[PDB]
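Structure first, commentary second.
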Amino acid sequence: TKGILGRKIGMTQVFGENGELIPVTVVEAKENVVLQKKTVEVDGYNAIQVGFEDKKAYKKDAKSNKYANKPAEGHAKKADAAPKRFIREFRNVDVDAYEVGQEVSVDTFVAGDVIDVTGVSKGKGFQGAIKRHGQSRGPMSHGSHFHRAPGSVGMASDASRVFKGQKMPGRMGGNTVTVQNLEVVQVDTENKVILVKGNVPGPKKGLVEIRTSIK
Amino acid sequence: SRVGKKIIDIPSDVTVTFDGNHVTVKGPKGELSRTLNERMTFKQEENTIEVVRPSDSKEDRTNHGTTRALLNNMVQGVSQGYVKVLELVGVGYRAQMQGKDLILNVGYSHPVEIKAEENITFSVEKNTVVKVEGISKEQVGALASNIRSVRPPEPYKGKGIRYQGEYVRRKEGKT
Amino acid sequence: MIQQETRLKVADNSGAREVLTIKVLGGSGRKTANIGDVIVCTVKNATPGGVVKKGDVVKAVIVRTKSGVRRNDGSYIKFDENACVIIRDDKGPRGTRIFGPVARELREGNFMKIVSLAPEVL
Amino acid sequence: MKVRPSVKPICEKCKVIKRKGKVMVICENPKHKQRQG
RNA sequence: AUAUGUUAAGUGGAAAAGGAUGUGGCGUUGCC
RNA sequence: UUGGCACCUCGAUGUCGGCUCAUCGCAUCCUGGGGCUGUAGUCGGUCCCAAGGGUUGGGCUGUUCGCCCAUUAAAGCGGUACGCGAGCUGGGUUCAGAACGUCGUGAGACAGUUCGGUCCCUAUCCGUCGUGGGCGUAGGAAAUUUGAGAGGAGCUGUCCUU
RNA sequence: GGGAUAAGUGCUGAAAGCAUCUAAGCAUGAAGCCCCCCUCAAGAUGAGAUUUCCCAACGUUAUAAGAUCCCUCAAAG
Ligand SMILES: CC[C@H]1OC(=O)[C@@](C)(F)C(=O)[C@H](C)[C@@H](O[C@@H]2O[C@H](C)C[C@H](N(C)C)[C@H]2O)[C@](C)(OC)C[C@@H](C)C(=O)[C@H](C)[C@H]2N(CCCCn3cc(-c4cccc(N)c4)nn3)C(=O)O[C@]12C
Ligand SMILES: [Mg+2]
Ligand SMILES: [Mg+2]
Ligand SMILES: [Mg+2]
Ligand SMILES: [Mg+2]
Ligand SMILES: [Mg+2]
Ligand SMILES: [Mg+2]
Ligand SMILES: [Mg+2]
Ligand SMILES: [Mg+2]
Ligand SMILES: [Mg+2]
Ligand SMILES: [Mg+2]
Ligand SMILES: [Mg+2]
Ligand SMILES: [Mg+2]
Ligand SMILES: [Mg+2]
Ligand SMILES: [Mg+2]
Ligand SMILES: [Mg+2]
Ligand SMILES: [Mg+2]
Ligand SMILES: [Mg+2]
Ligand SMILES: [Mg+2]
Ligand SMILES: [Mg+2]
Ligand SMILES: [Mg+2]
Ligand SMILES: [Mg+2]
Ligand SMILES: [Mg+2]
Ligand SMILES: [Zn+2]
């Protein structure tokens, strides 16, 4: 029913009521604004569009993404908002309960809420079968010349080909990942911070999306 | 002999309104409606109705018998209705009315609730006797079947929910 | 972190001195046991005159590990050695005396007699 | 249920029927239930 | 396409001993 | 499977076992549903549906197989050149040395045994895993997206209560 | 969790006075099927949708929105 955008700051720990140790992820979710309401009538489905982080205003001869371009400035100005660095949609919210241009404060979530956190996992670059697919090494001694190779990739005359989906070296990480059934440990109104039990995908400063757990 | 060729003596209270191919039998005890076969003739007198088949194939005899049986069942259900009786055997086996639904205590960790449907009314007389009355014969049979299948009878002691008059095959248990 | 072929000192007076882990109980493919888990083991060394003889295949509960355990409050206990106690079917120790400190975790496993006999529970 | 290619009455109360294209025997004696297959 | 019929199994479009109120044509017959 | 046949390959289609990596069938080992029981219960026997997932770590032997130890819900049976050596090993097996038993007058040999004994190749095409450039998408662009379709996931124990 | 099913289990019900789960109808029923969960996905050439930005004269020359070259870099490689 709820959603908000934030940046992952880092990991720390808090002590629970019973003295239990709760590892937590600090998510900073300032400056969230509803930019657009998509509806079944116009777009074919219901969603709100949320911009997260304020950008600098447009200027001529801007060289980087720090400054809004004219299409982005117009789109944001339609919501009476500053242009935003990150923009994402939430289809799990009630379209009625939002006004275009309203803020989305962290206080929308309460302690004990069960949430799903979505983000882009850390990149690992080109990685082999051992690291990328958890495969086993060959022997490291006893004459072996097979240590980190992927092994056999097919059978023989039948099928005289490698099947689709064969696990092989390649770029690893940098994929969208949703971690389900995390919990809100604390919401701190100042500093606009949400404390999430456990760890969430991605590097520090990366964008995360928090939604009320679907399950 | 034959079943479909047999005539039906409609009740004086029941108004068998033959809506063409479709049929609708409003009577003292309720109303019924289902579309009879689209290849049969349902010509009726003022006080009687007699079904006739237009063909002679296997489908002709089969459809004629089933159509006449359905019509007679609708007439008898409008007139007198239908009663299904269930009996509970076993220590602690009881049933009760929670308003319209029926609760059964049949030895599970939980009771089982049997909800009432339209034109169906339940009734549990003693602790261990139940009854399913209604106009439609098929619906009454189906509800009684569900009530019985909550806990069907068992051979070693006859425990469970049995039909009134059901013969339960019994077996000595080699205790 | 006890696995197959791990050797543990015995912390009772059952007669076994050192045992070798044959199996970690608790499900298919389980590799490692820790404090409070039950293992199958063979007696490698035994004290003469004891009840449990060298070569016997017995069951033991781990009461001390070098890897130690982590507790719910973020605190840890680690020991300088790995030790176990030979138990009967009903979890009671086969011996009459327990030596060395044992971890509090044996309370959760209902090894209450072993807990009572130990000089120290930490 | 007896599932076998040879479906035939075992006792005098056995009845041979055809249900959904399968030759079956139904009887008061549950041991005599058969389905061809 | 035309005429008469058969099949309801997609049988047609891979198989046997054996089993079976599946259905059609033929008959010799019995009770009524 | 042991074979029968001798149709492809003798200007070479690398043989057993293991390792790595799988993939498919169902005649189902476990788990799910169900009928019969010479099914009281707890357990079983047998048959039917069911291939989603799961289906072990050691001792001996080159072994496959098998026996054993200890587990497990279970430790299923098969196909894929008895899957997989331009992926690995090389213990075994068709190599030169040597020895035993045995046979042979002998050189030597084996319903046998024993110790030792070089595993080459920089990937062109298809295939597969990743990752870019071009053009198209009836103006050009920035961002947010629907989802035709595709992939992934799918297991199960013990205890308490009733 | 929902929907449809397998083996089954039925209800109603004739053909065939009876009986019959089936022939017409009506239900119920599996870790299995289709969804529900996660990810990719319009080269889906059927190339989809929404919001916002921009607007020229005479093939050429210079441009708009927008980008790139080049340079400082890393959470990416
Ligand atoms: C390591 C290099 C050698 O490769 C191999 O030995 C192997 C591993 F590649 C090899 O044995 C291949 C696989 C062989 O082929 C197989 O032959 C079988 C009969 C049949 C099989 N298939 C068809 C079923 C074939 O694949 C064979 C005959 O080589 C002997 C190939 C032929 C063409 C052959 O003779 C070639 C020329 C062979 N050879 C004689 C080596 C002769 C042995 N040797 C000599 C040396 C050496 C010489 C000088 C210096 C140094 N430092 C070393 N090292 N090893 C070389 O001088 O070089 C190679 C390529
Ligand atoms: Mg390994
Ligand atoms: Mg190496
Ligand atoms: Mg027979
Ligand atoms: Mg066909
Ligand atoms: Mg066919
Ligand atoms: Mg052959
Ligand atoms: Mg010839
Ligand atoms: Mg050859
Ligand atoms: Mg050649
Ligand atoms: Mg099968
Ligand atoms: Mg399966
Ligand atoms: Mg298996
Ligand atoms: Mg092979
Ligand atoms: Mg080899
Ligand atoms: Mg090969
Ligand atoms: Mg060798
Ligand atoms: Mg001699
Ligand atoms: Mg050697
Ligand atoms: Mg789709
Ligand atoms: Mg396609
Ligand atoms: Mg479980
Ligand atoms: Mg488009
Ligand atoms: Zn019988």
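Following the order of the structure tokens, first chain is A, next is B, and so on, with residues numbered from 1 inside each chain and ligands from 1 in the order they appear.
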How would you write, as a PDB file with C-alpha atoms (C1' of nucleotides), in the first residue's frame, the set of residues no farther than 12 Å from ligand 8 when counting only C-alpha atoms (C1' of nucleotides) and all ligand atoms?
```
ATOM      1  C1'   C F   5      24.193 -59.780 -38.750  1.00  0.00           C
ATOM      2  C1'   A F   6      28.637 -57.141 -40.978  1.00  0.00           C
ATOM      3  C1'   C F   7      25.179 -51.776 -43.316  1.00  0.00           C
TER       4        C F   7
END
```
Please identify all protein, DNA and RNA residues within 12 Å of ligand 15, counting only C-alpha atoms (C1' of nucleotides) and all ligand atoms, and report them as a PDB file with N, CA and C atoms (P, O5', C5', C4', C3', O3' and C1' of nucleotides), in the first residue's frame.
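Saved result, result20.pdb, follows:
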```
ATOM      1  P     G F  14      39.045 -40.931 -33.584  1.00  0.00           P
ATOM      2  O5'   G F  14      38.844 -42.066 -32.480  1.00  0.00           O
ATOM      3  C5'   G F  14      38.317 -41.765 -31.195  1.00  0.00           C
ATOM      4  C4'   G F  14      38.924 -42.635 -30.120  1.00  0.00           C
ATOM      5  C3'   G F  14      38.219 -42.616 -28.770  1.00  0.00           C
ATOM      6  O3'   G F  14      37.107 -43.486 -28.717  1.00  0.00           O
ATOM      7  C1'   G F  14      40.536 -42.334 -28.441  1.00  0.00           C
ATOM      8  P     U F  15      36.236 -43.594 -27.373  1.00  0.00           P
ATOM      9  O5'   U F  15      36.822 -44.877 -26.634  1.00  0.00           O
ATOM     10  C5'   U F  15      36.449 -46.185 -27.043  1.00  0.00           C
ATOM     11  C4'   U F  15      36.869 -47.233 -26.042  1.00  0.00           C
ATOM     12  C3'   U F  15      36.673 -46.889 -24.574  1.00  0.00           C
ATOM     13  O3'   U F  15      35.340 -47.073 -24.142  1.00  0.00           O
ATOM     14  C1'   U F  15      38.815 -47.833 -24.884  1.00  0.00           C
ATOM     15  P     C F  16      34.801 -46.319 -22.831  1.00  0.00           P
ATOM     16  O5'   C F  16      35.408 -47.153 -21.618  1.00  0.00           O
ATOM     17  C5'   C F  16      35.051 -48.510 -21.408  1.00  0.00           C
ATOM     18  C4'   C F  16      35.436 -48.978 -20.026  1.00  0.00           C
ATOM     19  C3'   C F  16      35.010 -48.088 -18.869  1.00  0.00           C
ATOM     20  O3'   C F  16      33.655 -48.251 -18.491  1.00  0.00           O
ATOM     21  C1'   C F  16      37.268 -48.693 -18.593  1.00  0.00           C
ATOM     22  P     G F  17      32.836 -47.014 -17.875  1.00  0.00           P
ATOM     23  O5'   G F  17      33.598 -46.662 -16.519  1.00  0.00           O
ATOM     24  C5'   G F  17      33.569 -47.551 -15.414  1.00  0.00           C
ATOM     25  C4'   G F  17      34.504 -47.121 -14.310  1.00  0.00           C
ATOM     26  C3'   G F  17      34.325 -45.714 -13.768  1.00  0.00           C
ATOM     27  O3'   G F  17      33.215 -45.564 -12.905  1.00  0.00           O
ATOM     28  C1'   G F  17      36.611 -46.113 -14.111  1.00  0.00           C
ATOM     29  P     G F  18      32.356 -44.208 -12.941  1.00  0.00           P
ATOM     30  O5'   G F  18      33.285 -43.147 -12.203  1.00  0.00           O
ATOM     31  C5'   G F  18      33.660 -43.318 -10.846  1.00  0.00           C
ATOM     32  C4'   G F  18      34.859 -42.475 -10.483  1.00  0.00           C
ATOM     33  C3'   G F  18      34.660 -40.966 -10.501  1.00  0.00           C
ATOM     34  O3'   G F  18      34.058 -40.470  -9.318  1.00  0.00           O
ATOM     35  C1'   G F  18      36.627 -41.501 -11.676  1.00  0.00           C
ATOM     36  P     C F  19      33.019 -39.245  -9.377  1.00  0.00           P
ATOM     37  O5'   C F  19      33.903 -37.992  -9.803  1.00  0.00           O
ATOM     38  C5'   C F  19      34.967 -37.530  -8.987  1.00  0.00           C
ATOM     39  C4'   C F  19      35.713 -36.396  -9.640  1.00  0.00           C
ATOM     40  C3'   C F  19      34.877 -35.196 -10.052  1.00  0.00           C
ATOM     41  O3'   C F  19      34.575 -34.327  -8.977  1.00  0.00           O
ATOM     42  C1'   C F  19      36.358 -35.772 -11.803  1.00  0.00           C
ATOM     43  P     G F  85      34.791 -36.628 -24.142  1.00  0.00           P
ATOM     44  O5'   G F  85      35.862 -36.434 -22.984  1.00  0.00           O
ATOM     45  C5'   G F  85      36.379 -35.149 -22.676  1.00  0.00           C
ATOM     46  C4'   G F  85      37.883 -35.106 -22.779  1.00  0.00           C
ATOM     47  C3'   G F  85      38.470 -35.222 -24.177  1.00  0.00           C
ATOM     48  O3'   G F  85      38.519 -33.954 -24.793  1.00  0.00           O
ATOM     49  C1'   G F  85      39.714 -36.531 -22.602  1.00  0.00           C
ATOM     50  P     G F  87      39.378 -27.804 -25.014  1.00  0.00           P
ATOM     51  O5'   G F  87      38.079 -28.664 -24.672  1.00  0.00           O
ATOM     52  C5'   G F  87      38.153 -29.853 -23.899  1.00  0.00           C
ATOM     53  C4'   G F  87      38.215 -29.544 -22.426  1.00  0.00           C
ATOM     54  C3'   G F  87      38.957 -30.548 -21.566  1.00  0.00           C
ATOM     55  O3'   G F  87      40.362 -30.396 -21.651  1.00  0.00           O
ATOM     56  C1'   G F  87      36.926 -29.959 -20.515  1.00  0.00           C
ATOM     57  P     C F  88      41.334 -31.674 -21.709  1.00  0.00           P
ATOM     58  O5'   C F  88      41.596 -32.010 -20.178  1.00  0.00           O
ATOM     59  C5'   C F  88      41.953 -30.991 -19.259  1.00  0.00           C
ATOM     60  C4'   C F  88      41.969 -31.508 -17.844  1.00  0.00           C
ATOM     61  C3'   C F  88      42.666 -32.842 -17.631  1.00  0.00           C
ATOM     62  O3'   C F  88      44.070 -32.723 -17.527  1.00  0.00           O
ATOM     63  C1'   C F  88      40.575 -32.866 -16.538  1.00  0.00           C
ATOM     64  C1'   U F  89      42.873 -37.361 -14.735  1.00  0.00           C
ATOM     65  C3'   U F  89      45.246 -37.137 -14.649  1.00  0.00           C
ATOM     66  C4'   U F  89      44.588 -35.774 -14.503  1.00  0.00           C
ATOM     67  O3'   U F  89      46.356 -37.272 -13.786  1.00  0.00           O
ATOM     68  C5'   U F  89      45.117 -34.711 -15.426  1.00  0.00           C
ATOM     69  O5'   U F  89      44.811 -35.017 -16.774  1.00  0.00           O
ATOM     70  P     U F  89      45.015 -33.954 -17.936  1.00  0.00           P
ATOM     71  P     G F  90      47.770 -37.783 -14.343  1.00  0.00           P
ATOM     72  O5'   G F  90      47.505 -39.306 -14.693  1.00  0.00           O
ATOM     73  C5'   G F  90      46.924 -40.172 -13.730  1.00  0.00           C
ATOM     74  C4'   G F  90      46.396 -41.430 -14.358  1.00  0.00           C
ATOM     75  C3'   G F  90      47.394 -42.183 -15.244  1.00  0.00           C
ATOM     76  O3'   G F  90      47.345 -43.578 -14.963  1.00  0.00           O
ATOM     77  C1'   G F  90      45.386 -41.769 -16.436  1.00  0.00           C
ATOM     78  P     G F  91      48.428 -44.220 -13.967  1.00  0.00           P
ATOM     79  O5'   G F  91      47.615 -44.429 -12.611  1.00  0.00           O
ATOM     80  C5'   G F  91      48.083 -45.278 -11.575  1.00  0.00           C
ATOM     81  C4'   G F  91      47.014 -46.255 -11.155  1.00  0.00           C
ATOM     82  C3'   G F  91      46.608 -47.261 -12.223  1.00  0.00           C
ATOM     83  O3'   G F  91      47.452 -48.399 -12.222  1.00  0.00           O
ATOM     84  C1'   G F  91      44.674 -46.218 -11.361  1.00  0.00           C
ATOM     85  P     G F  92      47.858 -49.139 -13.587  1.00  0.00           P
ATOM     86  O5'   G F  92      46.519 -49.854 -14.051  1.00  0.00           O
ATOM     87  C5'   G F  92      45.878 -50.826 -13.240  1.00  0.00           C
ATOM     88  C4'   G F  92      44.624 -51.328 -13.908  1.00  0.00           C
ATOM     89  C3'   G F  92      44.812 -51.838 -15.328  1.00  0.00           C
ATOM     90  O3'   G F  92      45.223 -53.191 -15.372  1.00  0.00           O
ATOM     91  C1'   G F  92      43.026 -50.300 -15.284  1.00  0.00           C
ATOM     92  P     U F  93      46.318 -53.672 -16.442  1.00  0.00           P
ATOM     93  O5'   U F  93      45.547 -53.617 -17.832  1.00  0.00           O
ATOM     94  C5'   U F  93      44.382 -54.397 -18.062  1.00  0.00           C
ATOM     95  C4'   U F  93      43.706 -53.996 -19.346  1.00  0.00           C
ATOM     96  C3'   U F  93      44.603 -53.944 -20.574  1.00  0.00           C
ATOM     97  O3'   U F  93      44.804 -55.215 -21.165  1.00  0.00           O
ATOM     98  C1'   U F  93      43.319 -51.966 -20.457  1.00  0.00           C
ATOM     99  P     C F 119      52.350 -36.992 -20.767  1.00  0.00           P
ATOM    100  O5'   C F 119      51.119 -37.403 -21.693  1.00  0.00           O
ATOM    101  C5'   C F 119      51.031 -36.975 -23.047  1.00  0.00           C
ATOM    102  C4'   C F 119      49.611 -36.675 -23.461  1.00  0.00           C
ATOM    103  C3'   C F 119      48.864 -35.652 -22.602  1.00  0.00           C
ATOM    104  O3'   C F 119      47.998 -34.902 -23.445  1.00  0.00           O
ATOM    105  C1'   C F 119      47.643 -37.657 -22.672  1.00  0.00           C
TER     106        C F 119
END
```
Problem - Who sits within 7 Å of residue 2 in chain D, only C-alpha atoms (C1' of nucleotides), same chain under 6 positions skipped, as a PyMOL selection string - result: (chain D and resi 33-35) or (chain F and resi 47)
Exercise for the section: Kindly determine which residues of chain E lie within 7 Å of chain D, considering only C-alpha atoms (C1' of nucleotides), and give the answer as a PyMOL selection string. Expected result: chain E and resi 18-20
C-alpha atoms (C1' of nucleotides) of the current selection, written as a PDB file, in the first residue's frame:
```pdb
ATOM      1  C1'   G E  18      -7.532 -62.021 -23.777  1.00  0.00           C
ATOM      2  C1'   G E  19     -11.817 -58.770 -21.915  1.00  0.00           C
ATOM      3  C1'   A E  20     -16.407 -56.048 -22.649  1.00  0.00           C
TER       4        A E  20
END
```
Practice task
Please identify the residues whose atoms come within 9 Å of ligand 16, using only C-alpha atoms (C1' of nucleotides) and all ligand atoms, and report them as an MDAnalysis selection string.
Solution key: (chainID A and resid 152 155:156) or (chainID F and resid 84:87)
Exercise for the section: May I have the residues within 8 Å of range 60-67 of chain B as a ChimeraX atom specification, using only C-alpha atoms (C1' of nucleotides) and disregarding those fewer than 6 positions away in the same chain? Expected result: /B:3-5,36-37,40,51-54 /G:13-15,23-24
Save out the residues we just selected, N, CA, C and O atoms (P, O5', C5', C4', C3', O3' and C1' of nucleotides), as a PDB file, in the first residue's frame.
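What landed in selection39.pdb:
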```pdb
ATOM      1  N   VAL B   3     -40.257 -45.719 -19.242  1.00  0.00           N
ATOM      2  CA  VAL B   3     -40.352 -44.637 -18.269  1.00  0.00           C
ATOM      3  C   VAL B   3     -40.821 -43.343 -18.917  1.00  0.00           C
ATOM      4  O   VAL B   3     -41.786 -42.732 -18.463  1.00  0.00           O
ATOM      5  N   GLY B   4     -40.155 -42.918 -19.992  1.00  0.00           N
ATOM      6  CA  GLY B   4     -40.476 -41.632 -20.590  1.00  0.00           C
ATOM      7  C   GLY B   4     -41.894 -41.565 -21.125  1.00  0.00           C
ATOM      8  O   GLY B   4     -42.543 -40.520 -21.060  1.00  0.00           O
ATOM      9  N   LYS B   5     -42.391 -42.677 -21.668  1.00  0.00           N
ATOM     10  CA  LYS B   5     -43.745 -42.695 -22.207  1.00  0.00           C
ATOM     11  C   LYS B   5     -44.801 -42.532 -21.123  1.00  0.00           C
ATOM     12  O   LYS B   5     -45.934 -42.150 -21.432  1.00  0.00           O
ATOM     13  N   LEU B  36     -35.420 -27.803 -20.350  1.00  0.00           N
ATOM     14  CA  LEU B  36     -35.467 -29.207 -20.715  1.00  0.00           C
ATOM     15  C   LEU B  36     -34.872 -29.387 -22.112  1.00  0.00           C
ATOM     16  O   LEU B  36     -34.416 -28.435 -22.752  1.00  0.00           O
ATOM     17  N   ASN B  37     -34.867 -30.629 -22.589  1.00  0.00           N
ATOM     18  CA  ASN B  37     -34.176 -30.939 -23.835  1.00  0.00           C
ATOM     19  C   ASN B  37     -34.772 -30.163 -25.003  1.00  0.00           C
ATOM     20  O   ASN B  37     -35.991 -30.017 -25.119  1.00  0.00           O
ATOM     21  N   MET B  40     -37.435 -32.231 -27.672  1.00  0.00           N
ATOM     22  CA  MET B  40     -38.553 -32.967 -27.106  1.00  0.00           C
ATOM     23  C   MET B  40     -39.814 -32.120 -27.157  1.00  0.00           C
ATOM     24  O   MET B  40     -39.765 -30.888 -27.185  1.00  0.00           O
ATOM     25  N   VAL B  51     -44.905 -36.344 -21.966  1.00  0.00           N
ATOM     26  CA  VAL B  51     -43.797 -36.057 -22.871  1.00  0.00           C
ATOM     27  C   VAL B  51     -43.793 -37.063 -24.012  1.00  0.00           C
ATOM     28  O   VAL B  51     -44.102 -38.246 -23.821  1.00  0.00           O
ATOM     29  N   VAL B  52     -43.447 -36.595 -25.208  1.00  0.00           N
ATOM     30  CA  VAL B  52     -43.383 -37.438 -26.396  1.00  0.00           C
ATOM     31  C   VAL B  52     -42.102 -37.118 -27.155  1.00  0.00           C
ATOM     32  O   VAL B  52     -41.705 -35.952 -27.260  1.00  0.00           O
ATOM     33  N   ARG B  53     -41.452 -38.175 -27.702  1.00  0.00           N
ATOM     34  CA  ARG B  53     -40.216 -38.036 -28.455  1.00  0.00           C
ATOM     35  C   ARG B  53     -40.505 -37.951 -29.952  1.00  0.00           C
ATOM     36  O   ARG B  53     -41.451 -38.570 -30.448  1.00  0.00           O
ATOM     37  N   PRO B  54     -39.719 -37.168 -30.696  1.00  0.00           N
ATOM     38  CA  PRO B  54     -39.948 -37.029 -32.138  1.00  0.00           C
ATOM     39  C   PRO B  54     -39.146 -37.987 -33.001  1.00  0.00           C
ATOM     40  O   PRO B  54     -39.364 -38.021 -34.219  1.00  0.00           O
TER      41      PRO B  54
ATOM     42  P     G G  13     -33.340 -38.772  -9.780  1.00  0.00           P
ATOM     43  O5'   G G  13     -32.872 -39.128 -11.261  1.00  0.00           O
ATOM     44  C5'   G G  13     -33.259 -38.315 -12.357  1.00  0.00           C
ATOM     45  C4'   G G  13     -32.596 -38.740 -13.641  1.00  0.00           C
ATOM     46  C3'   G G  13     -32.748 -40.197 -14.031  1.00  0.00           C
ATOM     47  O3'   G G  13     -34.023 -40.520 -14.553  1.00  0.00           O
ATOM     48  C1'   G G  13     -30.512 -39.555 -14.339  1.00  0.00           C
ATOM     49  P     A G  14     -34.742 -41.889 -14.121  1.00  0.00           P
ATOM     50  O5'   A G  14     -34.001 -42.996 -14.981  1.00  0.00           O
ATOM     51  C5'   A G  14     -34.684 -43.667 -16.027  1.00  0.00           C
ATOM     52  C4'   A G  14     -34.316 -43.111 -17.378  1.00  0.00           C
ATOM     53  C3'   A G  14     -34.053 -44.152 -18.454  1.00  0.00           C
ATOM     54  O3'   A G  14     -35.245 -44.597 -19.077  1.00  0.00           O
ATOM     55  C1'   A G  14     -32.281 -42.591 -18.424  1.00  0.00           C
ATOM     56  P     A G  15     -35.398 -46.130 -19.531  1.00  0.00           P
ATOM     57  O5'   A G  15     -34.425 -46.264 -20.780  1.00  0.00           O
ATOM     58  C5'   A G  15     -34.654 -45.548 -21.983  1.00  0.00           C
ATOM     59  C4'   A G  15     -33.446 -45.618 -22.877  1.00  0.00           C
ATOM     60  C3'   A G  15     -32.975 -47.019 -23.229  1.00  0.00           C
ATOM     61  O3'   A G  15     -33.686 -47.601 -24.307  1.00  0.00           O
ATOM     62  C1'   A G  15     -31.139 -45.761 -22.469  1.00  0.00           C
ATOM     63  P     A G  23     -20.206 -41.750 -20.200  1.00  0.00           P
ATOM     64  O5'   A G  23     -21.615 -41.286 -20.792  1.00  0.00           O
ATOM     65  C5'   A G  23     -21.913 -41.530 -22.156  1.00  0.00           C
ATOM     66  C4'   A G  23     -23.169 -40.848 -22.653  1.00  0.00           C
ATOM     67  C3'   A G  23     -23.466 -39.426 -22.208  1.00  0.00           C
ATOM     68  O3'   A G  23     -22.662 -38.450 -22.851  1.00  0.00           O
ATOM     69  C1'   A G  23     -25.462 -40.696 -22.248  1.00  0.00           C
ATOM     70  P     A G  24     -22.469 -36.989 -22.197  1.00  0.00           P
ATOM     71  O5'   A G  24     -23.942 -36.389 -22.094  1.00  0.00           O
ATOM     72  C5'   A G  24     -24.587 -35.868 -23.246  1.00  0.00           C
ATOM     73  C4'   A G  24     -25.815 -35.055 -22.912  1.00  0.00           C
ATOM     74  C3'   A G  24     -25.632 -33.882 -21.969  1.00  0.00           C
ATOM     75  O3'   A G  24     -25.049 -32.758 -22.604  1.00  0.00           O
ATOM     76  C1'   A G  24     -27.622 -35.047 -21.431  1.00  0.00           C
TER      77        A G  24
END
```
